[PDB]
Amino acid sequence: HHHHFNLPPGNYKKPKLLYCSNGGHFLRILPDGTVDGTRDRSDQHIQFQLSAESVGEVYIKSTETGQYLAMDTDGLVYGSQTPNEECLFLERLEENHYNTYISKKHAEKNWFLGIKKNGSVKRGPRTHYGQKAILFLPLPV
């Protein structure tokens with residue numbers, strides 16, 4: 001409805017690292033549910049298992065902790081112990097080669113997952129099409 005349907009080649013079979021090209025950070029969920037970006041390729045909290053719920057709809061789960069990436073009503077990204085509506089993301093291809101993650105619940109507002117150059121995760125409303133912060137590369141673990 002609100003977005004295009006260009007999809008990235010499949011990437012759920014194996015766990016992946018979600019590399020943000022903006023500042024070169026790996027998405028990370030700390031045990032306390034804190035979400036940020038880290039440049040430390042040796043972190044034990046940057047590995048995720050993605051799975052398709054519906055074509056183009058995914059869940060992003062931390063393999064270390066089992067926490068699910070989610071986005072709250074206020075646009076803040078957090079780690080959810082259990083899967084819910086806030087955990088569904090629209091996985092799309094962007095600029096022909098990257099992956100973008102749009103909050104399903106907030107799809108009409110174009111709220112995305114994105115990381116600033118300083119490694120801080122962005123609030124939903126601060127993100128938008130055209131930004132570098134929303135571009136991810138799923139890398140092998």
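Residues numbered from 1 in each chain as written, not as in the entry; some residues may be left out. Heavy atoms only, no water. Residues with missing side-chain atoms left out of burial classes, pairs and counts.

Per the PDB record, this model was obtained through X-ray crystallography at a reported resolution of 1.95 Å.

**Q** How would you summarise the overall build of the chain if you had to cite specific residues and measurements?
**A** A tally of helices and strands in the chain yields zero helices and ten strands. Taken from N to C terminus, the helices and strands of the chain fall in the order β-β-β-β-β-β-β-β-β-β. Over its C-alpha trace the chain gives a radius of gyration of 13 Å, about what one expects of a compact globule, namely 14 Å for 141 residues. Long-range contacts, defined here as pairs at least 24 residues apart, represent 52% of the contacts in the chain between residues at least 6 apart. (Helix = DSSP H or I, 4+ residues; strand = E, 2+ residues; numbered from the N terminus. Rg over C-alpha atoms; globule rule 2.2 N^0.38 Å. Contact = heavy atoms within 4.5 Å.)

**Q** Could you give an account of the UniProt feature "binding site: heparin" in the chain, naming the residues involved and the relevant values?
**A** Taking the UniProt record as the reference, the feature "binding site: heparin" is found at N22. For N22, the position within the fold is in the loop between β1 (16-20) and β2 (25-29). For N22, the residues in contact, after removing those within four places along its chain, are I115, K116, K117, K132 and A133. (UniProt positions renumbered as here; feature names shortened; annotations may be inferred.)

**Q** So what about the packing of aromatic side chains? Which residues, and what values?
**A** Under the definition given, this model contains four aromatic pairs. Relative to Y68, the ring of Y59 lies with its centre 5.2 Å away and its plane at 75 degrees, an arrangement referred to as edge-to-face. Judged by its relative accessible area of 18%, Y68 is buried. It is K109 that lies over the ring of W111; its NZ or CZ is 5.0 Å from the centre. (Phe/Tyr/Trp six-rings, centres within 6.5 Å; stacked < 30°, edge-to-face > 60°. Buried < 20%, exposed > 50% of the residue type's maximum accessible area, 1.4 Å probe, protein only. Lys NZ or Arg CZ within 6 Å of the ring centre and 35° of its normal.)

**Q** I'd like a rundown of the pattern of salt bridges, residues and numbers included.
**A** Where side chains of opposite charge bring their charged atoms close, a pairing between them can arise. This model, assessed by the stated rule, comprises five salt bridges. Here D36 and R28 are joined by a salt bridge, their closest N and O atoms 2.7 Å apart. The class of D36 is buried, set by a relative accessible area of 17%. We note a salt bridge from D43 to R28, for which the minimum N-O separation is 3.1 Å. Taken together, the residues span a long stretch of sequence, with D43 in the loop between β3 (35-38) and β4 (47-54) and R28 in strand β2 at a distance of 15 residues. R28 shares its class with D43; the two are buried. Salt bridges linked by common partners bring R28, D36 and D43 together as one network. (Salt bridge = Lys/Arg side-chain N within 4 Å of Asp/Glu carboxyl O.)

**Q** Give me the nonpolar core: which residues, what numbers.
**A** Within the largest apolar cluster, 18 residues are counted, with the highest numbers of intra-cluster contacts made by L27, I60, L69 and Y101. Where this core is concerned, the elements lending two or more residues are β1, β2, β4, β5 (57-62) and β6 (68-71). Excluding residues within four positions of it along the chain, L27 makes contact with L18, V35, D36, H45, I46, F48, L69, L113 and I115. (Core = buried A, V, L, I, M, F, W, Y, C linked by side-chain atoms within 4.5 Å.)

**Q** For the side chain of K16, give the residues involved together with the corresponding values.
**A** By secondary structure assignment, the location of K16 is in strand β1. Within the structure, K16 has its side chain in polar contact with the backbone oxygen of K14 (distance 2.8 Å). Excluding its chain neighbours within four sequence positions, the residues that come into contact with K16 are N11, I46, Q47, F48, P138, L139, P140 and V141. (Polar contact = N/O pair within 3.5 Å; in protein donor to acceptor, adjacent residues only side chain to side chain.)

**Q** So, the environment of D74: which residues are in play, and what are the values?
**A** Note that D74 resides in the loop between β6 and β7 (77-80). C-alpha of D74 to C-alpha of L18: the two residues are 56 residues apart in sequence and 23 Å apart in space. Beyond its immediate sequence surroundings of up to four residues, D74 is in contact with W111, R123 and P125.

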